[PDB]
Protein chains: 4
Amino acid sequence: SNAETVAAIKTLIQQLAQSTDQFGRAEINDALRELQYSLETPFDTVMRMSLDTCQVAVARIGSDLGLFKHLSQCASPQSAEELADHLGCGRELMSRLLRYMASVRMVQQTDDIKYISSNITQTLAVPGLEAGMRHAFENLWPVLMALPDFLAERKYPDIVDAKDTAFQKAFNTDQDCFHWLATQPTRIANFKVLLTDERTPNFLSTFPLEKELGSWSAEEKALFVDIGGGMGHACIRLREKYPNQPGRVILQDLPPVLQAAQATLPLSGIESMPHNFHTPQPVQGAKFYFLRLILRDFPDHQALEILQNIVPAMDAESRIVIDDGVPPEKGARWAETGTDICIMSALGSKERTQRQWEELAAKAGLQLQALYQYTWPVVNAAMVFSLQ
Amino acid sequence: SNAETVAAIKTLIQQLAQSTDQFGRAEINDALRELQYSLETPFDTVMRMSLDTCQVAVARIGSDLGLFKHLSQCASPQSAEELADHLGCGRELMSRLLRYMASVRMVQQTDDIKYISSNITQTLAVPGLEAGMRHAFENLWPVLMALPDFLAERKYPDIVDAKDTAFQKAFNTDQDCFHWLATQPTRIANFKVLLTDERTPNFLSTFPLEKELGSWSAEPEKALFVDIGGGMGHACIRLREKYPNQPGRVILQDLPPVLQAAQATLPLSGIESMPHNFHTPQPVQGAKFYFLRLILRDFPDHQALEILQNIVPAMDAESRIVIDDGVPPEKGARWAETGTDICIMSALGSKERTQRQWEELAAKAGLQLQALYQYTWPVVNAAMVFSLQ
Amino acid sequence: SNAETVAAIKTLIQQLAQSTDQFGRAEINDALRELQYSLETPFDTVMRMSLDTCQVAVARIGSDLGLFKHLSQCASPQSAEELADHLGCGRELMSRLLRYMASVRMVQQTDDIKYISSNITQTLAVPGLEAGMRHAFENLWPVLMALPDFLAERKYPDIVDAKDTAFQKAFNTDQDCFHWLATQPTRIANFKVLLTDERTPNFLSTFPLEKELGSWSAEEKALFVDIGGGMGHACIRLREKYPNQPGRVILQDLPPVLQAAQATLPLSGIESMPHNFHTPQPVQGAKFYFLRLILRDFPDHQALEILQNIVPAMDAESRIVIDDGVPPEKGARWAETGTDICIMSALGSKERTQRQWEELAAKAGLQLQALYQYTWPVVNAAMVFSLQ
Amino acid sequence: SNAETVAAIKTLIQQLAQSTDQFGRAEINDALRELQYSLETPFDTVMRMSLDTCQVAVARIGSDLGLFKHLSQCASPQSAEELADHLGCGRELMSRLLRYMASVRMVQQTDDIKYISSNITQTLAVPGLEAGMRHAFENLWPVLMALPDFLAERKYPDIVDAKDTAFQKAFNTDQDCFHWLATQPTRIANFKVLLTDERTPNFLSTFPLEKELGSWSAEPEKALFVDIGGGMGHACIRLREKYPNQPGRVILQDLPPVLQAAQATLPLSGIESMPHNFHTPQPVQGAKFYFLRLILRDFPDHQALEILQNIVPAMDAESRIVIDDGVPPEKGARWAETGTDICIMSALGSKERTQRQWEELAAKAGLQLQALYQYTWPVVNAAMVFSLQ
Ligand SMILES: C[S@@+](CC[C@H](N)C(=O)[O-])C[C@H]1O[C@@H](n2cnc3c(N)ncnc32)[C@H](O)[C@@H]1O
Ligand SMILES: C[S@@+](CC[C@H](N)C(=O)[O-])C[C@H]1O[C@@H](n2cnc3c(N)ncnc32)[C@H](O)[C@@H]1O
Ligand SMILES: C[S@@+](CC[C@H](N)C(=O)[O-])C[C@H]1O[C@@H](n2cnc3c(N)ncnc32)[C@H](O)[C@@H]1O
Ligand SMILES: C[S@@+](CC[C@H](N)C(=O)[O-])C[C@H]1O[C@@H](n2cnc3c(N)ncnc32)[C@H](O)[C@@H]1O
Ligand SMILES: [Cl-]
Ligand SMILES: [Cl-]
């Protein structure tokens, strides 16, 4: 029987998944995806590509109704009629959105056709993760919608400029993405919440801090300068893991982001210093200048500018630590290639190989000293650079 | 070891998939999908939803370039710069597109960083299937993009009319979808190619034709099979092919432009081409089977009822209306049948219908269900046989 | 849960087994055995070796009670008390033998503690297969019981003689096994039934008869001489598969075996000719002289004698076809190595590699022309030999 | 492909076995065994039953030669002729034995036709485990070989007496097994080594000692634990090791020859050695736990009852008899607990007992079951706690 076979497959894959770590589970999940694609019929492939786009449209509707937050707090299964009446939604519309949501595990449907939270329901109720989904709907989707015609119009160029990519046609403007976003109040607020989403694991899981420090002394220097550090999660985790390391630990960002960070920052030990990383770096001779998920959002020439603003502040002991994606030369996975297409369409930037990172840093007069990977199989690493 | 466990999982699923039929493989594929969603991390969920949308956009770029057709014809792996130079694409952009494509199996990357066709490559090179991908990008995507704020602005109504749903907001018009497409020279040609993609399997694989014929005579000159809105007439062709000795007229009904397009692929005899708008009374009297495949799902109840009412006065006691369409279950419906429901709600104002909802609709037309013959699994397509009440 | 895991393993292995042929199932079964051995604890290994010997002792008890034949014909589950009363067995003894039998699948026990036939029950009810089990108990077991002390007494020799191996000590006689068996009425009868067990598949599944024949003509020669052919299954299958091939087809065996074969032989087309294969072969110039599972039961010197009795009867077109086990040089499996130990202990003989077969046939002046394997992964093959 | 499917099965089972505990692995192993029996052909069944008996005989030969101990010590693979020449075995015979051994994993054959130790090699080199294999060959095998014709000759009786079962026919004597072994200089030494094999896990892994102590005082000088027929005293050693601070005498009771043999391995203090035949009244009064591990299963009901009756008059209200033994289920019992039942029936006239049969036996001694603490799965061994009625 196929239902018996299918239940047995689920049981054994679940038992294998439970017995490995999060990296082994990510590898199993990538293999399940590749098996699905290789096994589908030609018609299934067209259907899958046609319909998987429903997921984020329906998630955005659930978010606007407050459905995922509400269902996450319910202690018992809820009927479609109870959800519809509580949330201000038409009853037949609510019933057919829940039926779609249950079919892709956005919620769970019970045997008596009621609804409970799934793991995905809990995810979409988290503010930072909800904001990532809403960001995909309102900012990424229109740009991907414009990419095919944009490339055809321009005879398939190598996109290298943030001010002439798919973004400009999608939103009918000559501004680049980041500047245009800063003039849109509702989108600014959503990105503010997006910053509260802390990625796990982080670089401190594999970064050999003591061996990189060596005999460095804080005789009143900065140990860690978090450039564009957002909520300062890197500073918070650093002070939490090495609470007796001397040296200033400084969060650098724009004033509005720094204000939103004050609530969750510790009252002691981490300075909030407003700084635009398109300007010369004010902190001189720091041990670590840290750039996490910054340079991936800029083309080569402006990513170079950012590093050139830091280099004149470095001493011989100073290091620029680039914490970012490092996809492989071969066999890159969908999370790191889909990234690449999205940031080319919206920002004109790109993901870069280890060899691509080294070539960019050499234009700044830097040399790679060490690379400390901390996620698998999609590669994120802390890359430590020195003066040439 | 982690690599060897992954490779062992792949080998065992492959072997199990090879050990069953297409319905068993579709069930396995749905199970693998369920497993993925249940095992992803919270961040993976958001990433998956953010990035899976790239597949349709990049497929449209590859279709614009003719990449899929070209690589399908290739006998040896090709480098990114060979592909770029041949198709007229920037070398950097081509390498980035191929890397993404390979990551989602839209093509395959070899150990030497060259590229081969995959099953998906082959699929996207087929014109009828290519056209469904292009239809989803240019027609379905804008409607889904407009749906959330349409529902918000309108305070989440129950959509029931084809001229007031998300489609009107998405394309800034007041026509319904089918009217509007007819006035669009840009998009009609793709819809015409879409009719050429014959779905497999079809209802004849399980339809007990001889049993359903029962006490019915083709004499003197009666119609066996009237295929209402039959498009290219696939149903008529497969019917004559499977039952070449059964007497009776076999009639393809559609609009004159579609019938003209069907002439190239119809047999020279045995199948009549009859122009007929199914919003008017059915002209063929007393046929055995009045056949409607994937017609009624595109209409709200009121218009779907009128289409059935156009047929009923032509029926004799031994006539049957055969509705060949999706029949999702009361619970546990699959993503392919719920996804379609959202899409046709947003574009057409219509809906998928359960067996009970089909019977309720047909009751208003004075019909009763005599039999239901499923022919796909686990997503249910079925030939439903209705008679006069 | 372990019961859910264990049920899922069963489901998936069963589905894989159903989807291959009998050779793939044999390979899966060998892998399950090797996995069991590698996974057991040290205590499990001693227990397994201690207790798996119960299986054939309890099978012999079930055979003597007629239990397997009786249960094979029952249309409903039977209680231990009903089986005990019907078969003339003590009720508590019957209950604990059935509990042991059910634990090793010799029968199946139901949820309400009744008993039904298993696949193994049906097997043990077949006369020829029952006789194989009874043969293992009464003839093989005592010889294996004597092998360790026999080898120690004699300082671990290379056993090469049928008249001085473990058999002589086990049954306290100086006769060789076959001669001693012929003086034991009850054992003669059991081997008579053992001959009715036809092995499947057989050599005709892969033997290219027409291409081996070539232009041979029966102008009034024998096509097939089945030497020690037993019930003549090889002759029956040959006439059934090639019913229009001209040439005599002759079953050669001892008179008592030939009598028992007459019942099941066709009335036409197969001659029954009494012949002792330790004597010169009477049929001259036949196309195929066929020896299936004969030479494995003799040491080299008497296996050579048997072939030397046939060679002077051959023409240039004649072939000796040895149908027997051909184990590999490396990675031989338990069915073909356990064989080897048993026949060395009882008969002084051995299994032989392809290279070992060629060297034996060369002493007879024969050369291997072709080898047609027909079972996997345990190798049985029809080996075709020509005059040197 | 058939090879790759086999290799994938092996990898997945290995990974599942590694992903659970020893009890999960024992369940997996029983499942693999069930699968094999259900998937074998009729001819395979007969072959398996014919040939699996070779394993014990060949293990005994390897033990006689010291093969398992030698290969266990070896740092590199060894050829058959190196092994033959070193152990004093004919080169032909050695190669044939090793080929068979490798086929059942008793050692492993390398790709270059050389031989390494396996887990089973290691096992058979351990003296206590070696001794169980030798015991099965020389003591159990002759009794099983005599059982069928013994039952036939005697018209299939219910065996209930230790001096009239298959053992008397197998060894042509009228003594019971335990008496007869004591008069056999050949076989006593192996039985002595058998006592040194400590089973794992043991009852202390789940026994809630502090809970069972309850309202009981070691003062003034009471006994915590009396291990009746305790052999080498493993139970006493592990008890003092796990509960080093719990007060009370810990007493090992056995026959003087076994106690002498236990002296080498006992701690210098904390455990008393008390000669005592458990067929006589128990001398230690008012102990908390009177412990009987794998004692009573070797006796028919009548003698097992007498052993319990020897203990009851020594008990106080807070005293408990702890029977540590096998407790097979009412249905679905495993081969390791049913196989033992046949073996001890044939040699000792005794039996395995379900929980209900244990309670019935103890009721005749005036005892009631207070608690049962299982410590192995799926084959059930349990510490059963009995109190006065
Ligand atoms: C990827 S987000 C947060 C990255 C941060 N390193 C982390 O891992 O959480 C990029 C950050 O850069 C900040 N940013 C953007 N433009 C900036 C600028 N010109 N100067 C300083 N920070 C800027 C944003 O406020 C945002 O917090
Ligand atoms: C889903 S498509 C083809 C369905 C077809 N039965 C099949 O299974 O291939 C719907 C068909 O209905 C036709 N159609 C649309 N409106 C129609 C009308 N008013 N009268 C007749 N046919 C119509 C279209 O031309 C198209 O061929
Ligand atoms: C392995 S059994 C049957 C083999 C037979 N080729 C088959 O495949 O069924 C061996 C046969 O050889 C026969 N046999 C034993 N000694 C013989 C002899 N001296 N002359 C002729 N046949 C003999 C026995 O009667 C028995 O039928
Ligand atoms: C199964 S062995 C050892 C059991 C021990 N409780 C254990 O778990 O290791 C049985 C023990 O009972 C002892 N024994 C046999 N007869 C006895 C008797 N009459 N009185 C006391 N001990 C006896 C033997 O010496 C042997 O040590
Ligand atoms: Cl026909
Ligand atoms: Cl303690």
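First listed ligand is number 1; within each ligand, the first listed atom is number 1. The sequence lines fix the lettering, A, B, ..., with proteins before strands; numbering per chain opens at 1.
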Could you tell me which non-hydrogen atom of A/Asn380 sits nearest to which non-hydrogen atom of A/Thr375, and how far apart they are?
N-OG1, 2.9 Å
D/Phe291 ring center near D/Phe225 ring center (under 6.0 Å):
yes
With a 6.0 Å cut-off on the ring centroids, do D/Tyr290 and D/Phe278 count as close?
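Ring-ring flag for D/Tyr290/D/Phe278: false, centres at least 6.0 Å apart.
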Mind checking whether A/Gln302 and A/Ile306 have side chains closer than 4.5 Å, heavy atoms only?
no
Taking only residues at least two apart or on different chains, which pairs with a member in residues 253-266 of chain D satisfy side chain to side chain donor-acceptor pair (under 3.5 Å)?
D/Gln253-D/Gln282, D/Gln263-D/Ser273
Begin with the C-alpha distance, continue with both residues' side-chain angles, and end with the deciding distance and a verdict on side-chain hydrogen bond (donor to acceptor under 3.5 Å, both in side chains) for D/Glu306 and D/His279.
CA-CA 7 Å; D/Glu306 178 260 357; D/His279 294 303; 3.0 Å; yes
Neighbouring residues of ligand 3, heavy-atom cut-off under 4.0 Å
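Heavy-atom contacts below 4.0 Å: C/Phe191, C/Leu195, C/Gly228, C/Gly229, C/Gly230, C/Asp253, C/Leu254, C/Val257, C/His275, C/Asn276, C/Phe277, C/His278, C/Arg292, C/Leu293, C/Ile294.
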